[PDB]
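Okay, here's what each chain looks like letter by letter:
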Amino acid sequence: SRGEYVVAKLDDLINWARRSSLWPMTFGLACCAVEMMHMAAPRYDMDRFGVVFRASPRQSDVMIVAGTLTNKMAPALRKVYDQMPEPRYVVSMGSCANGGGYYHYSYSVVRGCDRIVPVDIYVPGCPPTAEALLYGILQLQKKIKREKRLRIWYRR
Amino acid sequence: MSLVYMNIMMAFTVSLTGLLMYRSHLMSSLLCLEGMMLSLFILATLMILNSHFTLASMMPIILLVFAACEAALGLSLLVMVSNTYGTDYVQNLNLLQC
Amino acid sequence: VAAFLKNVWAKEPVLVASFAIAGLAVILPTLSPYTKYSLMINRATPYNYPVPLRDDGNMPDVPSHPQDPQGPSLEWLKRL
Amino acid sequence: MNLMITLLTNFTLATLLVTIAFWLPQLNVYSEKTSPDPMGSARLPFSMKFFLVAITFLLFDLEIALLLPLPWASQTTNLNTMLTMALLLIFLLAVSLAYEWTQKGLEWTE
Amino acid sequence: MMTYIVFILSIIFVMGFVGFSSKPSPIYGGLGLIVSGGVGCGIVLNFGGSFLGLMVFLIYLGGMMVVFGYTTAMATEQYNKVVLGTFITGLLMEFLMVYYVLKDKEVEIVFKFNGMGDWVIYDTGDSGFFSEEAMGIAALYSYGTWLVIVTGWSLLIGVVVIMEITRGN
Amino acid sequence: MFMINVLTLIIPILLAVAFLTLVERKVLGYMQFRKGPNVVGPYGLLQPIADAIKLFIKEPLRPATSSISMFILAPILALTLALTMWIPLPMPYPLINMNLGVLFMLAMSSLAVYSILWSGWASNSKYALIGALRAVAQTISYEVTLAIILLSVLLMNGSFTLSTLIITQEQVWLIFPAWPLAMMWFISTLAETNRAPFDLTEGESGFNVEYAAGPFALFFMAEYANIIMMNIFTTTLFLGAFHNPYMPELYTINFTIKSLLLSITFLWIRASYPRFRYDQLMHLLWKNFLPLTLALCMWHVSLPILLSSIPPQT
Amino acid sequence: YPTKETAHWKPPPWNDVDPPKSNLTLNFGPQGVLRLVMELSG
Amino acid sequence: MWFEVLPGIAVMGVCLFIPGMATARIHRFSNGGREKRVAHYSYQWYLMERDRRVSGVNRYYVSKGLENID
Amino acid sequence: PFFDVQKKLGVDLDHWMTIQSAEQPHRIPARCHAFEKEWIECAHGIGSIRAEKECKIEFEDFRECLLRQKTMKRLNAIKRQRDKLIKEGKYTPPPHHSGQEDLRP
Ligand SMILES: CCCCCCCCCCCCCCCCCC(=O)OC[C@H](COP(=O)([O-])OCC[N+](C)(C)C)OC(=O)CCCCCCCCCCCCCCCCC
Ligand SMILES: CCCCCCCCCCCCCCCCCC(=O)OC[C@H](COP(=O)(O)OCCN)OC(=O)CCCCCCCCCCCCCCCCC
Ligand SMILES: CCCCCCCCCCCCCCCCCC(=O)OC[C@H](COP(=O)(O)OCCN)OC(=O)CCCCCCCCCCCCCCCCC
Ligand SMILES: CCCCCCCCCCCCCCCCCC(=O)OC[C@H](COP(=O)(O)OCCN)OC(=O)CCCCCCCCCCCCCCCCC
Ligand SMILES: CCCCCCCCCCCCCCCCCC(=O)OC[C@H](COP(=O)(O)OCCN)OC(=O)CCCCCCCCCCCCCCCCC
Ligand SMILES: CCCCCCCCCCC1=C(C)C(=O)C(OC)=C(OC)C1=O
Ligand code: SF4
């Protein structure tokens, strides 16, 4: 009918707006933050996708966890995650944030950042290249594109 | 006479009664004092402009300058007593009863 | 007296420039020959009406018409 | 007449934009957040430096209010007197600045 | 009702004075005083004093009430029946005065005031190729030599005084 | 009929602000050996629309504000004072022809700091209040030199009217007899709108940390409108254009080009230098700019008397 | 003549000097990474 | 390369050219094909009101010349 | 004590402002120049006690120029009678008082 068409077009509009202006915050913990800085370099140019460089935590959309999440750092990570306005997304970069990586069996390393925050995109590597993090960002954009919030609201 | 004169006199009287009855803070007294000056400014300016007294047009500028210097001195005194007591309350300025 | 100026111009040139500009501004209008021109340009600007005088009989200097030869002249202003 | 119409239009456009910016995510039903400055509960420390620069600005602003009618005042016939008074006023401005300078008034916010 | 614009502005002026004079909080008193100063500048502008109203905006509001609110932000740490009571009674005397003015077109409290619109007192002639208030202010450097001298000396002495008393020694 | 004039003034201001965001992103990218946004639209032409919609569907912060009244009122004042400082601008004919338009602009610019003060006080954070107080002090301290420079420049004009400023520069640009005032005015307007290398609130808390994304966007839009307005005012003051009374489009195109070049110079400045410290810019103002401003003010009072070049009062 | 009202009235000090009745502390959290505790005096 | 900033600058230039052109065209249209008359002083306003009264249409830009005198 | 330093020294520190009928810039007249001039030409040289009684009518004329209570009262009475006659319906306003006059110049 008409209402389903209207909510489908509005959903496409809001998903295009959200996926094309992803403002990231980056947790500069370890090596993978240096590789994030290298993706923000002129060669790969995160800004040209609408993805700004080092936005504020109070206005960012996607939060990137690039490095090792230790036991002394995890409550601060949760506190930063809780203050982000919705819609919020989390990208895990590298093995240390994915599952612990080299320091998985350590006494002071959280075995994956998914034990603290919900994670949408997992980027594998040690460090994953700037190409790989760019691919993960674009895959997150694809995930945002196929969201169906207004259709779900109309059907309920 | 005119009506806006009556309104400016009543505004001055309201600000004077506000100054003359302190509530808690010294800053509210300073605000009432400066509202009194503002009412004086408006009254004198209206009288001078309506009377076409050309050479009296410089008076409200001098009045504003002198009363703002007064207000600067008062703000400095308020800052000094706030540094002494930690607050600008008028009930702490009672050492000189004895 | 002479090396002091050089030292203070090497160290604080901004204050040297400020004081020099101030001294120029305070000693130049008393020295220029064009201040009198400003005086008689400001005093020759006709803001209000030139009210005529009743002819008693003895005013050879006061003209009876604007195009009459007698009266103030602004040829110095037209040439300068 | 036209000026206050323009003022009202600017005010109502600003308040319309602010109302839409506030109350439009209010129609969203996102979540309820609990949320349980580097200083936790420290009192604001009173600094004499910020008050000093504020009062210095106020006094210089007053002497600016005195200096303002110079473009109109330059058209007077008494040009020597007006020039002398203008130079005296700006010289008093400079002297007040120099007194603030020498007695360490502009210190740590130079 | 458009002929009563200065009267309506004066009503707003005195209402703001009642509001800020009730002393709810120093910052709210500052906000009410800012609004009252803006309305009073509107009164002066509608009377013909463009320069004096713009002085009110530039010096009183933009230059001095900034200092008042700036000092208010450095004290009076952030988080009544009396405030509401005096605000209500001040509004009551104000509106009673307005009704008694407009019902009989004359009033006496201390002086005798007339209830007609205040456009009657205006002058029927033109000022020529200049504004009278600007020439009156501009005569400060030509006529007011003594006024300039005493005002500038008082300002410099005020700078010295403020520097003296805030030092603490 | 007049409301059409008001609307065609105020809607292109918002359009120019959004495309100023896009232009600044692209120019900074091309100045940092990279590209700006070119994926969202053709050469990024659709980036402000997407960014605006995203910011207007963002979750609000919902702070524990001490006063919701001034929390509402601060963006109101910021946007109203950003939009109301355009009406006496001659383009070549001002929308509201004011006899004292220059001093009206000075009054509005002096009134603009209440948004910073109320935004700092409304947020419960004390560090936000401290940042707001520092920003207010810097803003008023540069208001001082703005006023002195404008006063000293106006002595070549003869009145406060903005339309006469075109007539004064009918022969030569005003940057030729007043270039030190032009440099000091440009730096003072750069520090007036809180821009680099004077944007201390972005360097190590802002005055609007607790504000929601929508009101933050409104504050930022007001700041960019202030930037464009200040550059247009500087162009009118020092780089006046040739105005044909039969073809106003010549003046409109000329000052549009000059003001766009000045705003691009603002963006060029913001990506070349490190930021100042607070005491360093206070030193730059109270101890470098102010004495030279006073000396040049005395020079430009005493100069037209000694040159027999008093500008006409009317 | 001391009364009941004038019972808490102490004499003034001999030198007429009354006693005057710390510094700011900031906790810059981890929001590489580093925490800082700053004792600041303005 | 660098010439790709030009569409954004062109859109900004159009949006800055619009208000001045609109203001000039509105002033010329609303004042009978002439500039909007400036009245900064009371003498110019008195001339304005005299011309409005002498127009016979209650409209200050309808200016009548030698066709009115006898 | 009122030490007349200005008259002793010959300086003019505040006499230019002290009255409205004095020397004003650009020969701008005030609204009540003539009344104030007549009142001053009365009161000069006779003291306050004699000037408070002798030609008080000049001061009454000056005060009536300054504040205009009698003119306002007369206009109020005329307008009140006009309003009463208009409401009771025995007065029709003329064309020139309703905006249909096409004024002189
Ligand atoms: C609008 C037109 C365009 C304007 C220019 C735009 C492009 C240029 C942008 C430049 C970079 C901007 C970003 C940085 C801004 C901050 C830095 C800054 O501006 O610092 C200012 C610096 C700061 O000085 P400073 O801090 O280096 O000074 C040293 C001071 N001590 C030693 C105490 C530390 O300079 C000034 O303030 C000077 C201002 C201009 C002076 C003009 C003088 C004119 C000549 C007078 C006469 C000289 C001859 C002698 C006398 C002769 C008499 C006959
Ligand atoms: C008489 C002319 C008109 C005067 C009135 C108008 C003045 C306009 C300018 C106003 C300036 C106001 C502020 C002046 C402050 C001067 C005092 C000062 O700052 O002294 C300190 C300074 C040394 O600096 P420091 O102690 O380290 O302070 C930290 C900054 N570095 O010390 C110095 O750097 C030395 C400063 C004093 C010596 C300056 C000499 C300049 C000479 C220029 C050429 C001559 C010009 C003609 C006038 C005669 C000057 C003597
Ligand atoms: C003062 C001047 C100010 C100017 C401001 C604006 C500047 C930029 C102007 C626009 C530049 C070009 C934008 C092109 C957008 C993409 C158009 C397009 O082709 O979209 C295709 C997309 C998918 O189409 P689909 O049918 O799925 O494809 C399958 C077929 N093989 O379909 C869709 O996405 C749905 C349809 C989208 C249509 C978008 C059209 C452009 C929208 C521009 C908005 C602003 C317009 C100007 C407003 C101010 C002036 C009036
Ligand atoms: C009742 C019916 C109407 C109901 C309400 C709906 C109103 C219209 C809303 C816009 C049109 C709906 C469709 C939105 C886009 C859907 C199609 C799509 O996803 O297109 C993708 C395409 C770019 O493809 P992409 O995935 O980005 O690929 C990157 C390159 N490899 O994208 C493009 O080519 C560009 C897409 C542009 C979308 C339109 C332009 C922006 C929106 C303009 C109107 C709203 C905002 C107006 C201005 C507000 C203030 C800023
Ligand atoms: C928290 C509260 C809300 C805050 C946001 C809204 C308020 C603040 C932002 C807007 C500020 C507006 C300032 C308005 C006054 C500015 C001065 C002014 O009007 O100047 C223009 C003009 C004088 O120039 P001139 O050329 O001489 O006049 C024509 C002569 N032929 O003068 C004229 O043309 C005079 C025209 C008639 C009189 C106009 C009076 C306007 C209404 C009164 C003031 C309104 C603002 C009150 C609040 C202030 C801020 C709290
Ligand atoms: C009527 C509303 C018009 C849209 C609002 C103003 C334009 C959008 C600004 C968004 C924005 C952009 C593009 C942006 O790039 C940016 O980074 C510098 C911002 O600040 C963090 C922004 O706010
Ligand atoms: S995943 Fe590898 S590169 Fe990344 S932080 Fe861990 S050790 Fe470093």
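Residues numbered from 1 in each chain as written, not as in the entry; some residues may be left out. Chains lettered and ligands numbered in written order. Part of a larger assembly, values for the part shown. Heavy atoms only, no water.

This entry, as listed in the PDB, derives from cryo-EM and reports a resolution of 3.16 Å.

Q: Please explain unusual backbone geometry as it appears in this structure.
A: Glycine aside, the phi torsion of most residues is negative, and most peptide linkages are trans. The omega torsion of the bond from A:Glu86 to A:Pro87 falls at 0°, within 30 degrees of zero and hence cis. Look at the link from A:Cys126 to A:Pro127: it is a cis peptide, with omega at -15°. Its place among the elements puts A:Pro127 in the loop between β4 (121–123) and α5 (130–145). A positive phi angle, near 60°, is found at A:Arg54, a position not held by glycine. At E:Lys105, a residue that is not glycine, the phi angle is positive and equals roughly 60°. Locating E:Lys105 in the fold gives a position in the loop between α4 (81–104) and β1 (106–108). Since its relative accessible area comes to 23%, E:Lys105 is described here as partly exposed. (Helix = DSSP H or I, 4+ residues; strand = E, 2+ residues; numbered from the N terminus. Buried < 20%, exposed > 50% of the residue type's maximum accessible area, 1.4 Å probe, protein only.)

Q: Quick question: what am I supposed to make of the environment of F:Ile149 here?
A: Residue and element names in this part refer to chain F. As for its placement among the helices and strands, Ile 149 is situated in helix α6 (residues 126–153). In this structure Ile 149 comes out as buried when scored by relative accessible area, which is 1%. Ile 149 sits 98 residues away from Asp 51 along the chain, and the two C-alpha atoms are 38 Å apart. When sequence neighbours within four positions are dropped, the list of residues in contact with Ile 149 reads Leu 181, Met 184, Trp 185, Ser 188 and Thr 293. (Contact = heavy atoms within 4.5 Å.)

Q: What exactly am I supposed to notice about a positive patch on the surface here?
A: All names here are of chain A. Together, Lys 142, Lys 143, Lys 145, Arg 146, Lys 148, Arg 151 and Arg 155 make up a positively charged patch on the protein surface. Secondary-structure elements contributing two or more residues to the positive patch are α5 and α6 (149–155). A per-element tally of the positive patch places α5 first, with 3 residues. By the element assignment, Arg 146 lies in the loop between α5 and α6. (Patch = residues over 30% accessible without salt bridge, like charges linked within 9 Å, V, L, I, M, F, W, Y side chains within 5 Å. Areas by Shrake-Rupley, 256 points an atom, 1.4 Å probe, with all protein chains shown as cover. Salt bridge = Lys/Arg side-chain N within 4 Å of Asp/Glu carboxyl O. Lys, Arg positive; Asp, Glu negative; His and termini not counted. Charge placed at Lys NZ, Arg CZ, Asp CG, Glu CD.)

Q: What am I meant to see in the interface of chain F and chain A here?
A: Interfaces are frequently sized by the accessible area removed from exposure as the parts join. Facing 25 residues of chain F, the contacting portion of chain A comprises 25 residues. At the boundary of chain F and chain A, one finds 5 salt bridges. In terms of residues, the side of chain F that touches chain A owes the most to one element, helix α2 (residues 47–56) of chain F, which gives 7 residues.

Q: Please clarify how the packing of aromatic side chains should be interpreted in this entry.
A: Two descriptors summarise a pair of aromatic rings, namely the distance from one centre to the other and the angle between the planes of the rings. For the structure shown, the criterion picks out 34 aromatic pairs over all chains. Here A:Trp153 and A:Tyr154 contribute two aromatic rings whose centre-to-centre distance is 6.5 Å and whose plane-to-plane angle is 55°, an arrangement assigned as tilted. Aromatic side chains F:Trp185 and F:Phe233 sit 5.6 Å apart centroid to centroid with 70° between the ring planes, which places their arrangement in the edge-to-face category. Each member of the pair F:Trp185 and F:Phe233 is classed as buried. An aromatic cluster of three or more residues is present, and its members are D:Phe22, F:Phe71, F:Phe207, F:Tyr211 and F:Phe219. A cation over an aromatic ring shows up here: A:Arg88 above the ring of A:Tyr81, its NZ or CZ 4.6 Å from the ring centre. Of note, F:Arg134 hangs over the ring of F:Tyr278, and the distance from its end group to the ring centre comes to 4.6 Å. (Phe/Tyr/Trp six-rings, centres within 6.5 Å; stacked < 30°, edge-to-face > 60°. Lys NZ or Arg CZ within 6 Å of the ring centre and 35° of its normal.)

Q: So what exactly am I meant to see when it comes to the site of ligand 7 here?
A: Residues and elements named next belong to chain A. Around ligand 7 sit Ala 30, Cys 31, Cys 32, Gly 67, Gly 94, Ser 95, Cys 96, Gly 125, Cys 126 and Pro 127, and that is every residue in its neighbourhood. Counting only elements with at least two residues in the shell around ligand 7, the list comes to α2 (31–39) and α4 (94–98). The greatest single-element share of the shell around ligand 7, amounting to 3 residues, is contributed by α4. Grouping the constituent residues of the shell around ligand 7 by class yields 6 nonpolar, 4 polar and no charged. (Near = heavy atom within 4 Å. Nonpolar A, V, L, I, M, F, W, Y, C, P; charged D, E, K, R; others polar.)

Q: Please clarify how the interface of chain E and chain B should be interpreted in this entry.
A: In this assembly, 70 residues from chain E lie in contact with 61 residues from chain B. Regarding the contact of chain E and chain B, the summed buried area is about 5,600 Å², with carbon and sulfur atoms giving 79% of it. At the boundary of chain E and chain B, one finds 0 salt bridges. At the junction of chain E with chain B, the criterion picks out 11 residue pairs in polar contact. Those elements that place two or more of their residues in the side of chain E that touches chain B are α1 (5–21), α2 (26–47), α3 (50–73), α4, β2 (112–114), α5 (132–138) and α6 (145–165) of chain E. Considering every element that reaches the side of chain E that touches chain B, the biggest residue donor is α3(E), with 11 residues. (Buried area = accessible area lost by both parts, 1.4 Å probe. Polar contact = N/O pair within 3.5 Å; in protein donor to acceptor, adjacent residues only side chain to side chain.)

Q: Please clarify how the site of ligand 3 should be interpreted in this entry.
A: Around ligand 3 sit F:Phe19, F:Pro42, F:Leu45, F:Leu46, H:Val11 and H:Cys15, and those are all the residues in its vicinity. Two or more chains meet at ligand 3, and those chains are chains F and H. Calculation on ligand 3 without its partners gives an accessible area of 1,100 Å², and the protein chains cover 22% of this total. By residue class, the composition of the shell around ligand 3 is 6 nonpolar, no polar and no charged.

Q: Sorry if this is basic, but what is going on with α6(E) here?
A: Residue pairs three or four apart in sequence face the same way in an α-helix, which turns once every 3.6 residues. When the terminal C-alpha atoms of α6(E) are compared, their 30 Å separation across 21 residues agrees well with the 30 Å that a helix rising 1.5 Å per residue should span. Within the sequence span of α6(E), burial applies to E:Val148, E:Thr151, E:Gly152, E:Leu155, E:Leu156, E:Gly158, E:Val159, E:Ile162 and E:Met163. Projected down its long axis, α6(E) shows its buried positions confined to an angular sector of 145°, all on one face. The secondary structure elements touched by the buried residues of α6(E) are α3 (59–85) of chain B together with α2 (48–67) and α4 (79–102) of chain D. (Expected span 1.5 Å × (residues − 1). Arc of directions from axis to C-beta.)

Q: When you look at the pattern of salt bridges in this model, what are you seeing that I'm missing?
A: Oppositely charged side chains are able to pair whenever their charged atoms sit close together. Here the structure, examined in full by the defined rule, presents 26 salt bridges over all chains. Residues E:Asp104 and E:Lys103 are paired through a salt bridge, measuring 3.2 Å at the closest nitrogen-oxygen approach. Residue E:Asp104 is classed as partly exposed on the basis of its relative accessible area of 31%. Between I:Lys37 and I:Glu38 there is a salt bridge whose closest N-O contact spans 2.7 Å. With relative accessibility at 31%, the residue I:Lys37 sits in the partly exposed group.

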